[PDB]
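Pasting coords.cif here (mmCIF, C-alpha atoms):
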data_run
loop_
_atom_site.group_PDB
_atom_site.id
_atom_site.type_symbol
_atom_site.label_atom_id
_atom_site.label_comp_id
_atom_site.auth_asym_id
_atom_site.auth_seq_id
_atom_site.Cartn_x
_atom_site.Cartn_y
_atom_site.Cartn_z
ATOM 1 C CA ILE A 1 0.000 0.000 0.000
ATOM 2 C CA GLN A 2 2.060 2.915 -1.395
ATOM 3 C CA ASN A 3 -0.251 5.917 -1.725
ATOM 4 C CA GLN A 4 -3.111 5.438 0.702
ATOM 5 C CA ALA A 5 -6.364 6.961 -0.518
ATOM 6 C CA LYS A 6 -6.870 10.331 1.156
ATOM 7 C CA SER A 7 -10.644 10.063 1.238
ATOM 8 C CA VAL A 8 -13.472 7.714 0.393
ATOM 9 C CA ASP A 9 -16.833 9.038 -0.809
ATOM 10 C CA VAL A 10 -19.345 6.564 0.566
ATOM 11 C CA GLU A 11 -22.270 6.200 -1.798
ATOM 12 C CA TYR A 12 -25.438 4.312 -0.972
ATOM 13 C CA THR A 13 -28.013 2.458 -2.983
ATOM 14 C CA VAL A 14 -30.962 0.441 -1.689
ATOM 15 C CA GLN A 15 -33.545 -1.820 -3.311
ATOM 16 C CA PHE A 16 -36.892 -2.517 -1.574
ATOM 17 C CA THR A 17 -38.910 -5.719 -1.947
ATOM 18 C CA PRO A 18 -42.526 -5.797 -0.622
ATOM 19 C CA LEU A 19 -43.650 -9.039 1.040
ATOM 20 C CA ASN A 20 -46.750 -9.142 -1.171
ATOM 21 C CA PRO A 21 -47.009 -7.466 -4.678
ATOM 22 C CA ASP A 22 -47.348 -3.737 -5.392
ATOM 23 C CA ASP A 23 -46.799 -1.908 -8.694
ATOM 24 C CA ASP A 24 -45.303 1.273 -7.223
ATOM 25 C CA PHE A 25 -42.192 -0.863 -6.777
ATOM 26 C CA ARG A 26 -41.095 -0.699 -10.420
ATOM 27 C CA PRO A 27 -37.954 -2.812 -10.868
ATOM 28 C CA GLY A 28 -34.944 -1.118 -12.427
ATOM 29 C CA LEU A 29 -34.490 1.754 -10.001
ATOM 30 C CA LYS A 30 -30.916 2.992 -10.435
ATOM 31 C CA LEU A 31 -29.794 5.813 -8.185
ATOM 32 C CA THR A 32 -27.167 6.340 -5.511
ATOM 33 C CA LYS A 33 -27.013 8.878 -2.742
ATOM 34 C CA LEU A 34 -23.754 10.158 -1.278
ATOM 35 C CA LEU A 35 -23.865 9.335 2.385
ATOM 36 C CA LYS A 36 -20.634 11.057 3.335
ATOM 37 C CA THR A 37 -16.922 11.407 2.713
ATOM 38 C CA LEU A 38 -14.933 9.460 5.268
ATOM 39 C CA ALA A 39 -11.362 8.427 5.893
ATOM 40 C CA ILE A 40 -9.794 4.976 5.778
ATOM 41 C CA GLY A 41 -10.676 3.315 9.092
ATOM 42 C CA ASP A 42 -13.829 5.318 9.766
ATOM 43 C CA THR A 43 -16.840 3.132 10.499
ATOM 44 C CA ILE A 44 -20.487 2.927 9.480
ATOM 45 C CA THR A 45 -22.844 0.696 11.474
ATOM 46 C CA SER A 46 -25.893 -1.302 10.414
ATOM 47 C CA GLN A 47 -28.118 0.916 12.590
ATOM 48 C CA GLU A 48 -27.004 3.995 10.677
ATOM 49 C CA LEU A 49 -27.699 2.254 7.364
ATOM 50 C CA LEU A 50 -31.153 1.191 8.583
ATOM 51 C CA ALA A 51 -31.902 4.801 9.486
ATOM 52 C CA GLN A 52 -30.852 5.814 5.986
ATOM 53 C CA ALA A 53 -32.954 3.142 4.309
ATOM 54 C CA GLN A 54 -36.032 3.863 6.459
ATOM 55 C CA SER A 55 -35.834 7.550 5.596
ATOM 56 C CA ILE A 56 -35.435 6.830 1.883
ATOM 57 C CA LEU A 57 -38.337 4.361 2.148
ATOM 58 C CA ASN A 58 -40.484 7.061 3.779
ATOM 59 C CA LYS A 59 -39.922 9.522 0.935
ATOM 60 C CA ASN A 60 -40.397 7.120 -1.978
ATOM 61 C CA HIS A 61 -42.913 4.746 -0.431
ATOM 62 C CA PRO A 62 -45.064 6.343 2.288
ATOM 63 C CA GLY A 63 -47.078 3.708 4.134
ATOM 64 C CA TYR A 64 -44.343 1.038 4.037
ATOM 65 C CA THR A 65 -41.772 0.096 6.675
ATOM 66 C CA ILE A 66 -38.574 -1.956 6.781
ATOM 67 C CA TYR A 67 -39.421 -5.523 7.637
ATOM 68 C CA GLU A 68 -35.982 -7.011 7.377
ATOM 69 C CA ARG A 69 -32.568 -6.677 5.785
ATOM 70 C CA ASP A 70 -31.689 -9.182 3.080
ATOM 71 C CA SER A 71 -28.131 -8.231 2.083
ATOM 72 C CA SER A 72 -25.496 -5.543 2.354
ATOM 73 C CA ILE A 73 -22.580 -5.328 0.008
ATOM 74 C CA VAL A 74 -19.729 -2.911 -0.476
ATOM 75 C CA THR A 75 -18.024 -2.400 -3.827
ATOM 76 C CA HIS A 76 -14.766 -0.436 -3.565
ATOM 77 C CA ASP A 77 -13.943 1.781 -6.504
ATOM 78 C CA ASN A 78 -13.702 -0.405 -9.655
ATOM 79 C CA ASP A 79 -12.100 -3.203 -7.702
ATOM 80 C CA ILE A 80 -13.477 -6.668 -8.459
ATOM 81 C CA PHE A 81 -13.370 -8.039 -4.843
ATOM 82 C CA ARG A 82 -16.375 -6.820 -2.818
ATOM 83 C CA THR A 83 -16.969 -7.113 0.895
ATOM 84 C CA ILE A 84 -20.076 -9.005 1.924
ATOM 85 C CA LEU A 85 -21.439 -7.698 5.207
ATOM 86 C CA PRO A 86 -23.070 -10.178 7.684
ATOM 87 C CA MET A 87 -26.711 -10.910 6.788
ATOM 88 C CA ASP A 88 -28.435 -11.649 10.106
ATOM 89 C CA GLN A 89 -26.726 -9.611 12.821
ATOM 90 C CA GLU A 90 -25.819 -5.979 13.458
ATOM 91 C CA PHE A 91 -22.499 -4.990 11.915
ATOM 92 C CA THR A 92 -19.917 -2.264 11.516
ATOM 93 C CA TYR A 93 -18.165 -1.518 8.249
ATOM 94 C CA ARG A 94 -14.694 -0.004 8.444
ATOM 95 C CA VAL A 95 -13.701 1.980 5.370
ATOM 96 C CA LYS A 96 -11.210 -0.398 3.784
ATOM 97 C CA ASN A 97 -7.600 0.772 3.229
ATOM 98 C CA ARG A 98 -6.645 1.355 -0.364
ATOM 99 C CA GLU A 99 -4.345 2.808 -2.961
ATOM 100 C CA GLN A 100 -5.278 6.371 -4.002
ATOM 101 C CA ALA A 101 -7.368 6.364 -7.193
ATOM 102 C CA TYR A 102 -6.225 8.028 -10.411
ATOM 103 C CA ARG A 103 -6.805 8.086 -14.151
ATOM 104 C CA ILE A 104 -4.439 8.764 -17.029
ATOM 105 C CA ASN A 105 -4.635 12.206 -18.661
ATOM 106 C CA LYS A 106 -5.530 11.528 -22.275
ATOM 107 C CA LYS A 107 -3.486 14.443 -23.641
ATOM 108 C CA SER A 108 -0.324 14.236 -21.506
ATOM 109 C CA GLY A 109 -0.430 10.604 -20.513
ATOM 110 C CA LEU A 110 0.365 11.683 -16.952
ATOM 111 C CA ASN A 111 -1.518 10.570 -13.832
ATOM 112 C CA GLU A 112 -4.298 12.640 -12.245
ATOM 113 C CA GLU A 113 -5.726 11.636 -8.884
ATOM 114 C CA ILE A 114 -9.444 11.356 -8.365
ATOM 115 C CA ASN A 115 -11.719 10.516 -5.486
ATOM 116 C CA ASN A 116 -11.958 6.969 -4.214
ATOM 117 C CA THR A 117 -15.475 5.693 -3.625
ATOM 118 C CA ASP A 118 -17.265 2.936 -1.735
ATOM 119 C CA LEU A 119 -20.657 1.901 -3.045
ATOM 120 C CA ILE A 120 -22.739 0.362 -0.309
ATOM 121 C CA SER A 121 -25.707 -1.509 -1.735
ATOM 122 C CA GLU A 122 -28.505 -2.974 0.311
ATOM 123 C CA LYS A 123 -31.756 -4.800 -0.141
ATOM 124 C CA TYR A 124 -34.576 -4.876 2.433
ATOM 125 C CA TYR A 125 -37.887 -6.703 2.520
ATOM 126 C CA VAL A 126 -40.630 -4.151 3.249
ATOM 127 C CA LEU A 127 -44.200 -4.386 4.533
ATOM 128 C CA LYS A 128 -47.210 -2.127 4.137
ATOM 129 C CA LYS A 129 -47.821 -0.906 7.685
ATOM 130 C CA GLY A 130 -50.839 -2.446 9.312
ATOM 131 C CA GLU A 131 -50.216 -5.586 7.237
ATOM 132 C CA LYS A 132 -48.511 -8.749 8.488
ATOM 133 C CA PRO A 133 -46.213 -11.318 6.854
ATOM 134 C CA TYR A 134 -46.835 -15.074 6.404
ATOM 135 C CA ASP A 135 -49.080 -16.957 4.039
ATOM 136 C CA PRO A 136 -52.408 -18.485 5.128
ATOM 137 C CA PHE A 137 -50.975 -19.082 8.646
ATOM 138 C CA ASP A 138 -47.389 -20.324 8.561
#

Serialized structure, structure tokens:
Amino acid sequence: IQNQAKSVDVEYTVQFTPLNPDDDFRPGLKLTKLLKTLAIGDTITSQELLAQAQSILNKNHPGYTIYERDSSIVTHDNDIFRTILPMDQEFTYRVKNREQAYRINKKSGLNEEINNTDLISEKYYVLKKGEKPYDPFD
């Protein structure tokens, strides 16, 4: 690790799946929200992510609530190896150490540094409030 990234923009994307059908949940949603810019070693906890998802859920889908988390994944920059966060327990994610990102200047062929990014992507099962899970009893 030669040139440690100086910052990591943590972006967030979440997909919501209703326990029983609803059109408003059009598949294909593709947006990210910048959560914050942190430093290598800073942490983000599952409770903080839940708060983020619940608030996003409130804006886009009033009347629904988080039922349960299905998966949480972090993709670091354009790196192929992703970190899979624990599925059924609270967790903390530490901003992974990394080499400072850069691209090659087309004209000069010299290196120009750019911001490193973490893309945290989650999926939660949601429920219309008032409603309950299950099938016809179990």

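Picture a line from CA of residue 117 in chain A to CA of residue 11 in chain A; it runs 7.1 Å.
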
**Prompt:** For this file, the PyMOL selection byres ((chain A and resi 93-108) around 7) selects which residues, as a list in words?
**Reply:** residues 1, 2, 3, 4, 5, 6, 39, 40, 41, 42, 43, 44, 45, 91, 92, 109, 110, 111, 112, 113, 114, 115 and 116 of chain A

**Prompt:** Using the chain letters and numbers from the file, which residues does the PyMOL selection byres ((chain A and resi 130) around 10) grab, as a list in words?
**Reply:**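 On the file shown, the PyMOL selection byres ((chain A and resi 130) around 10) covers residues 63, 64, 65, 127, 128, 129, 131 and 132 of chain A.
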
**Prompt:** Nearest to residue 47 in chain A among A:21, A:15, A:69, A:83, with distances taken over all atoms listed in the file: which residue is it?
**Reply:**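 Counting all atoms listed in the file, the residue closest to residue 47 in chain A is A:69.
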
**Request:** Quote the spacing between CA of residue 12 in chain A and CA of residue 67 in chain A in Å to one decimal place.
**Result:** 19.1 Å

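Atom to atom, CA of residue 119 in chain A and CA of residue 61 in chain A stand 22.6 Å apart.
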
**Message:** Given only C-alpha atoms as the basis, pick out the residue of A:25, A:33, A:79, A:16 nearest to residue 120 in chain A.
**Reply:** A:33

**6 Å contact set for residue 71 in chain A, all atoms listed in the file, chain neighbours under 3 positions out, as a list in words** =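 Selected residues are residues 87, 122 and 123 of chain A.
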
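Of the listed residues A:85, A:56, A:14, A:8, the one whose atoms come nearest to residue 36 in chain A is A:8, with distances taken using all atoms listed in the file.
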
**Among listed residues A:19, A:134, A:7, A:72, nearest residue 49 in chain A (using all atoms listed in the file)** = A:72

**Item:** Polymer residues at most 10 Å from residue 82 in chain A, all atoms listed in the file, same-chain spacing of 5 or more positions, as a ChimeraX atom specification
**Value:** /A:73-77,118-120
